[PDB]
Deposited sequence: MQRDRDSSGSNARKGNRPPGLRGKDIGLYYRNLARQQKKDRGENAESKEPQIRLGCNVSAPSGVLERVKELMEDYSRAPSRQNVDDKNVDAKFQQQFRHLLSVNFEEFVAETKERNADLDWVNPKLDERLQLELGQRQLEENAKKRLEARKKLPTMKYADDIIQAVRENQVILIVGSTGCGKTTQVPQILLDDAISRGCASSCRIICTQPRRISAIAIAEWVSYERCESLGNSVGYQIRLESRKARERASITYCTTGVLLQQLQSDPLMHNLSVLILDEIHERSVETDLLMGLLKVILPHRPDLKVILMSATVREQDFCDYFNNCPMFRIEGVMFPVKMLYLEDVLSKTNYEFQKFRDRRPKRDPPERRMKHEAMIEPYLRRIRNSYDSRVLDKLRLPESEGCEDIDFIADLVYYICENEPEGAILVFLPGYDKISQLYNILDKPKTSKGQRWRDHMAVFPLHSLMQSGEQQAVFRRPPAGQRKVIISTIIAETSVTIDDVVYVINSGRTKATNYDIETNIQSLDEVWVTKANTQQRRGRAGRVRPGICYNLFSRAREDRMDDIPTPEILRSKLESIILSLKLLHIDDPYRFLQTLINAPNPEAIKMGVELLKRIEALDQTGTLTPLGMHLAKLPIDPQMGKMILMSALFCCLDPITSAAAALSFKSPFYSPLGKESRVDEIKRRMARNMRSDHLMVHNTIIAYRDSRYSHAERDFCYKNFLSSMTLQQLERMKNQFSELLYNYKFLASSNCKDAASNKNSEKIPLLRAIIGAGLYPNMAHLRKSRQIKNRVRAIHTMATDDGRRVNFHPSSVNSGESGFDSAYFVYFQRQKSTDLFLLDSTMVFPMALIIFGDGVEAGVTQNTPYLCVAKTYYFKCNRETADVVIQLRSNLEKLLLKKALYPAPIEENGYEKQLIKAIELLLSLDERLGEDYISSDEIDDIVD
C-alpha cells in the first residue's frame, strides 16, 4: 500500500460541517411511493390485468368516422391526383401481393415479409392494411405503427407515404422520433418511428394495447432494439390475440426470424434494382495490371484457391494474389490506381470508395488531391473528392449528394457510413476494400478494443446494391473469392457486444424481473456473465438492492431515456443545483461530441478544444462551455461564424440542447426540480463552482478512475484503478497536458487501439470521490491515519476529518434514499439544504487559488 496526498480539513471547516449536519439531523404527499410499492406487490398476471384496464382507448370505435372515411376514400380514388399515383404504386412488386398479405394477416398473428431494396414493402404494406380497414368500414379501429432503425429513414418514408396519398404530413401518415414528431391523426393512421421510441412507450403501455398493427422493419440488421422487441413479443402476444405483427426483413439470414416465431408464414417479394457487376481481386488486377512494392495462414488460404483458377487467369496476376498486401487496403496507391483506371475507361458516374476509418480515408484523399504520380496529376483537377465520415462535415452539406461539375467525376471516400446511413444517388461504381472497424469487448480483461476487421458477406452485398440505383453499375472487391468464403454471413448481432445495465433496468418496469431467464430467450442470447456484470453495476449505483429488486432510485433511472449512471448524475445535479452544466455533460456522453474532425485540420481542432476547455482539465466541462458559447453566438446573430471558426456542428448542438430540455422537463415532472428550464436560476446556483461540478461528474462516472504519476507535450505514466497502464486519447483535452492540480481522473470510456486510451476524462479531487464513492474506511497503516476510497486509493487523513466525512456520507445516504422515495425540490431554506451546504463547504477547499 502506497499513500496519497493529505485530505484533512481545517478545524474551522470541520466544526461548521458538524453544525450543518446536526441541523439536517433535527428534521421530522407521496404519489411516487405508492406507485413503487404497487409495482413490487403485483405478480405478472395482475400486472397484465391492470395494464389492460388502464389502456382501453382502442376498445372504442366511432361509426360515423368509419363510414365517413369509407366514403371519402371511394370518391378520391376517382379523383386524378390519385389514380395516377396508384398506378405508380402498382408498378412496385409488393402491390401485386396485396390480397395474399391482407389474408395472411387476417389468419395469423405473426407474418414475415422478406424483400430486397426496391420491393416497396416499407411504403406499401402499411397502406395495404390501412386502406383495407377503411374499405371494410373499420377505419377507426386501425392504428398502424411501423418502426425503423434510423431517424432519417423514419421521416423520409413518412413524407413519401404522405405524398402517395395526396396529404400533407400529419393526417393519415405521421412520424415520431426522439424530440421531433409530426403525429398522425389518432385513428385510421400509420406512424413511422425509431424502434427506441416504441421501446420507451412500453413503460406506459407494456402490452401494446394502443396499436392494432405492429410492423417491425429492417430486423435483419439485428439492432439491439429489434432483437429486444422480438423477445418481448413472445411475452406480449400470448395476452394480445387481436394484435397483428408483421416482421420485415431483407434477404439476409431471413430464415432465422421465421424459425424464431415458430414457423410463421413468409412472403418473398422481388426487388427492383439495376444489375451490378461483381469483380474480385483476380479480375481487378487482370484489368488494371498494377504492380506492388515500396501470419500466413494467407497462403494456406490463397494457394488452394489459386489453382482451381489456373486456366481462367494470367500467370502474373495470380502471383500478385500471393502478396498479403494485395487484399484489403494495405496499399492505398493500389486503390488510387483503380480510381484512376475507372476515370479513363468505364463511362460517366460517381465513384464510392469504402475504407475502414478516418486514418485510411485521409491517406487516399491526400493521394487523390496531392498526387505524386503523373497519372494522378492529370486526374487531380478532373475529380471532385469528398470524404464521408460521421465526424466530418461532408454529410451535413448538400454538395456530396448533388451531381458534380461538368467534366469532373465525383469520388467519395467513406466509412461504413455510406452502406445504409447515408445514401448518394448518382454513384455508379463501388470500390469495396472489404475492411471496416468494429468494437469488441472482452469480458475477461474488461478491455474494449477498436480493431480493423473484415466485412461480412451481408456487408459486401449491401455495398453492391449502392451502385444499382440509377443505372447498371460495377463493384470492385479488393479481395479474392477465397477471402469471401472465409467471411461470416452477418456481423455479430449488436446485443452480444452491448453493455446490459440499461436493458436490465428497463425490463424491471415491464415486470420482467429475471434478466437471466428473459435475455436467454432472445434470438442470440447474450452471455449470462455479461448479465451478471450488468446487474452488479446496477447494485453498485444502488438502482437495485442486493436481492436484486428495483429500488426507488432505480425506478427513476429506468424512466430517464439515458443510461443509468448518467441518469444518476443528472438527478444529483438537480439536488445539488448544478443542472445546466451536468445535463450538458450527460447529453454529450449519451449522444456525441459536437466537434467535427476535418481532414488536415487535426492540429487546429486540438487548439479549439483547449480554448473551449478554459484550462478546466475536463472533456465534459469542455462540452458545456461549448454550449454556453454557442448560445451567446445565437444571442449575437453570429451563429454560423461561430460554428465555422470552431469546427462545430450546429445540428449536433441544437440536438444536445433539446436533450437537455428533455432531461429538465422529465426531472420537473418527477418533482425533482421547481422549473422545467435547464437554465433556471434556482436550479443553477452552484453551476459556477467548478470543484462542485467535478464532484457531480465523478458521482456518475464512478468507479471509472485513473491515477497519473508522470511529467515532461508531456508523456504520462498513468494507470486505471485496476492497475493497467493507460494514456489519454489524443482527442481528449487532457492529452499531453502538464501541470494538473490533481492526479486523479474519471472517465466514461476506456478503449484499446494502439494503446489503452481513455476517450474522455475529468480531473477529480480525492475528497469528492470519497464523499460520493464507496469502499470508504478509516484506518492506520504505517503509523499514519488514512482514509480510502474503493479500498484502492488511500489518502493521509487525520481522524477528526475522517470521523466527519464518514458521518457525512451516512447522512448523504439517508438524504438520497428519501429524495428518491418522496421526490420534492430541495427547498432553499430548509433542513435538507443544510446538508448540501456541508458538502459544498468541504468540496470548495479544492478550488484554484
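According to the record, no C-alpha positions are given for deposited positions 1-51, 80-89, 356-368, 787-792, 930-944, numbered from 1.
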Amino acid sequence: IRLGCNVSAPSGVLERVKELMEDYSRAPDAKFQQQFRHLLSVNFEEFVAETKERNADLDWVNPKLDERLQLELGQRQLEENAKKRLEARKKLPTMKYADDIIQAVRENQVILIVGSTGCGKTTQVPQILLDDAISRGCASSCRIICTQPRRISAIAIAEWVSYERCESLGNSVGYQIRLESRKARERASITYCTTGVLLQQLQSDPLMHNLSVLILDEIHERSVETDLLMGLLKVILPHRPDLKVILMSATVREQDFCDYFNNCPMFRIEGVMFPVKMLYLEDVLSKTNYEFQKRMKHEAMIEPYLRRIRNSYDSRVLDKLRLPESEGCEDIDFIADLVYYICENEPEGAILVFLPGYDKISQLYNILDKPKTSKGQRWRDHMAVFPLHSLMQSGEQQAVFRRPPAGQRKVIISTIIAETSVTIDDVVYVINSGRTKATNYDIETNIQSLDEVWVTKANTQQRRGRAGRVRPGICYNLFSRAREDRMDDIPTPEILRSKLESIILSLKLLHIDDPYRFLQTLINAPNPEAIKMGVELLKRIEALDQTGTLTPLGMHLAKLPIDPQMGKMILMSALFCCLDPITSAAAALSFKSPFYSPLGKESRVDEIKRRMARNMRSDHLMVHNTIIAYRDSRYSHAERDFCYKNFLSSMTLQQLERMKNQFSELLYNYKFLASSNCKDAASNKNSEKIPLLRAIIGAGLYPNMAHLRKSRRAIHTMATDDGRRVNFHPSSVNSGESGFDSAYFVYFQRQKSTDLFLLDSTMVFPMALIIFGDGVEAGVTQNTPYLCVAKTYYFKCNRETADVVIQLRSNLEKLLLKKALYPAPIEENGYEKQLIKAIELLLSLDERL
From here on, numbers count along this sequence of modelled residues.
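By rigid core we mean the largest C-alpha set that fits within 1.5 Å across both forms.
Root-mean-square C-alpha deviation from the shown form, taken over all structures in 8 other deposited structures of this protein superposed by the rigid core, is larger for 311-319 than for the alternative among 509-517 and 311-319. Taken in 8 other deposited structures of this protein and fitted on the core, 340-348 and 295-303 differ in how far their Cα atoms move from the shown form, and the one that moves more is 295-303. Taking the mean C-alpha B-factor of each stretch as recorded, 112-120 and 142-150 are not equal, and the higher mean is that of 112-120. On average the C-alpha atoms of 378-386 have higher B-factors than those of the other stretch, with 378-386 and 476-484 being the two compared. Across 35, 62, 810, 783, the greatest Cα temperature factor reported in the deposited entry is at 783. When the C-alpha B-factors of 639, 333, 665, 760 are read from the PDB record, the largest value belongs to 333. Split the chain's modelled residues into thirds by C-alpha temperature factor. Residue 610 is in the middle one. Residue 849: CA B factor lies in the highest third for its chain, per the PDB record.
Compared with the other modelled residues of the chain, the Cα B-factor recorded for residue 787 ranks in the middle third. Among the modelled residues of its chain, residue 519 has a C-alpha B-factor that falls in the middle third, as given in the PDB entry. Residue 679: CA B factor lies in the lowest third for its chain, per the PDB record.
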